């Protein structure tokens, strides 16, 4: 039993909450995790793309084989000693990490704010004993190279050409069952009432699957470009994107910067919106005054934190903190997704709003919190309506067949993509007049500018939904859409007059 893992997760794994051992729960988790039907492997469109060099580090469970050159047979001590010359900083980073200083964790006295780590260590040891990798009274001495990269608690020899692996999520989940089960519970908690998104999405548990199930990603010839998408979509495969290798610092993963590399840009400017807001600017100003080493539960008390951070807001749910980040999602970044706006009034959304208010009321009053979140919802819908009116114009041109080069120069997208109007593929693939300018513009109006508007609203950045992002750019898009439509009408009217003379 894990106290922070949802009931519907155990139900999905077909496990009893009171009669399930850490070994059985792990085995049920990995069985679903490594199953091609549940998202593992190359995906439905694997016959259209091949791995490049870096892909073995992006999807190790599918593509990774150990290197052939170092024909070596090594032991635990050999890993640290040889790689001190081969990858020095990797050794130095591991040396100062908690994984290598487990005795420090046992020396933690109960008046030290980091004391919870001792309980987590004992929890890790508990899990390993259940599986048979650790003796009942044997203490885990260290988490070294050979543990993650070969096998946990291994003392015998390892073939550098046969036994070396890239540590995936299940590898980390051997010791860290709680966090791995919390992460994998997103498959069961992120279920939309009307199938607005596929079951379990959006989530960190199925981010790679989403990536490889995107048609343009699989279809496009530019593998090196497409692999840029993969680098942001690796949380399914590896656990080192917030707390990185080889220090694996929890304090690091708690800082807003840890989410920035992926949660930024034209279609989700979360880093840009947050940092520019009072919440984020205060976080930048007071990062020295806070204790990041303290966990999220005690962040606002022992940590001294007086402004919210990405992890503090998104990992909190009904008073508890887990690696699950889905249970409060209502808008899911893209407000134009069918069913999302219609769902905003449902009891399902209202209960998730109540959970958000609970988060806000740690600092603000409920009246204040519910006031601004009312503004976030309506402002978002206000942005959506602006796009919907502009989309009605361009979509009417598509149905009439009047878009520039729609019948003269509109080549079909790469297999297995089907040609259509305002499809995602048109953002990463273009040839001739597929897409048209107006088509791309209204696509970017929703995908980029409407998304950023909502992100600005959700993360309290005034300029992020008015002047700079959101309303401002959407105003320009609407105007330019309307301008081109009127221009293409009076040109059609002129062309008809020329036809009236022939």
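Residue numbers count along the first chain shown, from 1.
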Is the mean CA B factor in the deposited entry higher across 106-114 or across 302-310?
106-114
155-163 versus 182-190 - greater average Cα B-factor per the deposited record:
155-163
Going by the CA temperature factor in the entry, name the top one among 82, 375, 385, 199.
82
Top Cα B factor in the deposited entry, candidates 365, 430, 235, 126:
126
Please place residue 10 in the lowest, middle or highest third of its chain by C-alpha B factor as given in the entry.
highest
Chain-relative C-alpha B factor for residue 54 (record values, thirds): the middle
Among the chain's modelled residues, which third holds the C-alpha B-factor of residue 101?
highest
Which third, lowest, middle or highest, does the C-alpha temperature factor of residue 444 belong to within its own chain?
lowest
Considering every modelled residue of the chain and its Cα B-factor in the PDB entry, is residue 26 in the lowest, middle or highest third?
highest
